[PDB]
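1. Turn this into a structure:
(one chain, ligands or ions: 2)
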Amino acid sequence: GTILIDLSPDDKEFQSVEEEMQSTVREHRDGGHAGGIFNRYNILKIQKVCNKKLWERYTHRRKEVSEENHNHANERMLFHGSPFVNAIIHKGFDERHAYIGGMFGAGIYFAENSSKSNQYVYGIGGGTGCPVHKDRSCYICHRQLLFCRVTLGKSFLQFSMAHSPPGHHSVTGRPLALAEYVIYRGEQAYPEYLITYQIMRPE
Ligand SMILES: N#Cc1ccc2c(c1)[nH]c(=O)n2[C@H]1C[C@H](c2nnc(-c3ccncn3)n2-c2ccccc2Cl)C1
Ligand SMILES: [Zn+2]
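-> Numbering: from 1, shown residues only. Ligands and ions are numbered 1, 2, ... in the order given. Next up is the structure itself:
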C-alpha cells in the first residue's frame, strides 16, 4: 500500500529536502573509503513515500514513547542508508533484519549527516561498492537514501545490545566524531522521502 509521489525541483518540499542533503555533507575520517570522495551530490529525484498503515504503526508507537519521555516524542528528521531501501518503503523498517555485530548492536541506524548514511548505501563500510563497478566511490551509479521521521524518545548515550536500555527508546552514539542514532523497533521510524542521487566528482 505504498504510494510514491515524485516531487518537482520547483517544489519547496523538494528544495527543503535537497538543501538538508547538501548542507549536512561532511569530510569523513576515512578519507572517503566507505562512501566515496565528494563534497556535494547530484540530486536526481525526490519522492514522497505515502503508506497509511506504516504511518499508523508509527504514530501508535510515538504515543507510548511520548508518555515515557515527559510527553515528548523527541522526533527528528534523519537519514538512513542501506542496500534495502526498496524493501523498507514497502514494508517499513524491521529490526528483525538488524546486524547483531553492529557498533551499537542489533538496531536500525540513522544519521543527521547525509554523508554518513551514504557510507552504508552499499553495505557496512560501503561493502563492496556499486554492483556494476564494485566501486565505493562510483560517480556513475545512482544511489538512494531515505530521509525519515524518527522517534528517539529518551535516548541512551553511548560510545563505540538488542533493545534500548530500560526506560530508554533509542541509542545516540558518538564513535571527527559524528552522531549516529539507533532504534531497536522498526515502527519508531517512518521512511518519509526516497532520494535518488549521485555523489559528485570534485573539481
Ligand atoms: N530483505 C530485507 C531487509 C533487509 C534489511 C532491512 C529490511 C529488510 N528492513 C529493514 O529495516 N532493514 C534494515 C536496514 C538494515 C540496516 N539498518 N541499519 C543498518 C546498519 C547500519 C550501520 N551499521 C550497522 N547496521 N543495517 C544493516 C544491517 C545489516 C547489514 C547492512 C546494514 Cl546497512 C536492517
Ligand atoms: Zn558503479
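
2. which residue is nearest the centroid of the chain?
-> Ranked by distance to the mean C-alpha position of the chain (CA atoms, centre = their mean), the top residue is residue 80 at 1.1 Å.

3. And residue 109, how close does it get to ligand 2?
-> For residue 109, the distance to ligand 2 under the criterion CB to the ion, to the nearest Å works out to 23 Å. All C-beta spots, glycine's among them, are computed from the backbone N, C-alpha and C.

4. That residue: which element?
-> Remark: residue 109 resides in strand 108-111, with elements defined by DSSP states H and E.

5. Check which element follows that strand along the chain.
-> Going down the chain from strand 108-111, the next helix or strand is helix 114-118, by DSSP H and E.

6. Stretch 164-179: how far from the chain's middle?
-> From the chain centre to the centre of stretch 164-179 is a distance of 15 Å (CA atoms, centre = their mean, to the nearest Å).

7. should've said stretch 98-113
-> The offset between the C-alpha centroid of stretch 98-113 and the centroid of the whole chain comes to 10 Å, using CA atoms, centre = their mean.

8. Report the buried residues of that stretch.
-> Judged by neighbour count using 16 or more other CB atoms under 10 Å, the buried positions of stretch 98-113 are 98, 102-113.

9. distance between the longest helix seen in the chain and the chain's centre?
-> With residue count as the measure and DSSP state H as the assignment, the chain has helix 52-67 as its longest helix. In this view, helix 52-67 has its centroid 18 Å away from the chain centroid, taken as CA atoms, centre = their mean.

10. related to what we said a few turns ago, looking at the buried residues of stretch 98-113, spot the one nearest residue 92.
-> Within the buried residues of stretch 98-113, proximity to residue 92 (CB to CB) peaks at residue 108, which comes in at 10.4 Å.

11. Alright, that wraps it up for me.
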